[PDB]
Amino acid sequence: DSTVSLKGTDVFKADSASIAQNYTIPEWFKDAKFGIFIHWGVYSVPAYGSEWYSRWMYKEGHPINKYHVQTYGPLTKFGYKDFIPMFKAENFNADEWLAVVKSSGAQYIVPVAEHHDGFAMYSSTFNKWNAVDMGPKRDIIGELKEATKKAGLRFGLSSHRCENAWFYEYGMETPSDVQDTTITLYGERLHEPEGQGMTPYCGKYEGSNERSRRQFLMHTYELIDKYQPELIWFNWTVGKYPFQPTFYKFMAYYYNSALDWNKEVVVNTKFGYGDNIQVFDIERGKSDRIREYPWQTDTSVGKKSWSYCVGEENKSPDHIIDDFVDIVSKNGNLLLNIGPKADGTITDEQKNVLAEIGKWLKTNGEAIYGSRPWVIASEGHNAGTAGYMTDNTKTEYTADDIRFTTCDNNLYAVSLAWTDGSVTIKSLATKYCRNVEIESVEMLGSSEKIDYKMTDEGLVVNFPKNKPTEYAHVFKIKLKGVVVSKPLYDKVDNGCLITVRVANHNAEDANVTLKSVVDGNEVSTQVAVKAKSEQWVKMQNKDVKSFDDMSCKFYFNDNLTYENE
């Protein structure tokens, strides 16, 4: 299917080298910062456990399988396909969904076009198990596309069909309707690929065959041509080694179609592909450092499930907003998930969560939308959570925990908690700065004049007397001068890698000399930072025998910036 439409004149070919030579992560994704994920489908009718109800109900002995036999009947009489007539979606309204999405301040929406269960939520000739001919009997993706255009947001979608090749594997080991191979809804019924976590290693089982890869291409191209989304989200098994040649065929056609659309698109994968040819995404987790290329965090308002389920513990607005600012400060964007009820009603708790984020963004949005990272992302005591599947832990921040964003040379310092006293922005200490002059200090949403004092330890900022908002509190700082970040170290063979960021806040160009002395080995570099800009600087020290026992010193224009005496 991919090798049929591709021409020798197309810009993108089905390999990573061809993508890197012509694709660039678009500016709208860097500026959007906030998006809304929506898990909603046939799995919402039982609303038990999670959206993995379709897989576990066919594994004999699993709690969901024993739950399904007593609640709905034996697997040979009531399979997953029998939930579809109950999926009427009597209270679904695309405008109501977008009104809630727009209320949250989000800039794009990502509904689920098809999950692992093999049920398409759109007008599909390829898949007879679609939402137009059965269930809701309407084009859910098409109606959400028109509602998104009327709301002024950008339309994306997510595809999970890659896992459909093995999601119903347990239906073959127990008498069920999955053993009826005439039902294409249940996929290829192969074994799940091995390798725990986000790894391309698959081992004994491929997780896909040559037929499911053919269907994946026709499935993705049906979403590309019918709805022309500006972003497509994929789940984890697309990154497996046997599936990568097939996925590169999609990326070449998707990007080539975007050139004809006069639009710029984004592809989301959780592993297996370079940070520069697509937007890396972490499930229920964020990064601890600033990443060079834009990335995304996808997480659910509910702690247990993505789709709706009885007894879901939803996250607090402060939990999400504290993590949202942390994600944005590291060049990441948040894809927050909501799980509507089976009839299409978004719960009151998840509407209040999105509303509080929008109310907080209405006041502090200037430090989020269109912003970029500063020289350093965070400062303070608590570093917060980071990594795959660590979002549920809420970090208890104080006012001394500060996140940084920059936009149009302005500096934004976000305190993740409130205080009636003062904090000191240690990142502006005299050892990091050269001729830094503070021009104005401002808290977004407050009419009070902020008292500040520049010291050698940093910029002391006194909080106002009345909170503009809760959750997080933003200081807008206008300044000139050159600021360096505290260096971070990584391990290499017989040496170490030193990474710093330099921000020139002056209106004219500046020459900067950086020196790193590790274990006596001295390496220097001179860099010219243009006016009102930032730059990464990477240096390498040699002849370093013990990384864990290093003696490191970093100098910014012959001034000691960092040392671990």
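The numbering used is simple: start at 1 and walk along the sequence shown.
Of the two segments examined, 66 to 74 and 30 to 38, it is 66 to 74 that shows the higher average Cα temperature factor in the deposited entry. Stretches 342 to 350 and 98 to 106 differ in mean C-alpha B factor, with the higher average recorded for 342 to 350.
Per the deposited record, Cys496 carries the highest C-alpha B-factor of all listed residues (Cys496, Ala531, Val502, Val45). The PDB entry assigns the greatest CA B-factor among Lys226, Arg403, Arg214, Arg138 to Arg214. Among all modelled residues in this chain, the alpha-carbon of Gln535 has a temperature factor (C-alpha) in the lowest third. In this PDB entry, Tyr23 carries a Cα temperature factor that places it within the lowest third of its chain's modelled residues. For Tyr248, the recorded CA temperature factor ranks within the middle third of the chain's modelled residues. Per the deposited record, the Cα B-factor of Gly481 falls in the middle third when ranked against the other modelled residues of its chain.
Remark: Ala258 belongs to the lowest third of its chain, ranked by C-alpha B-factor as recorded.
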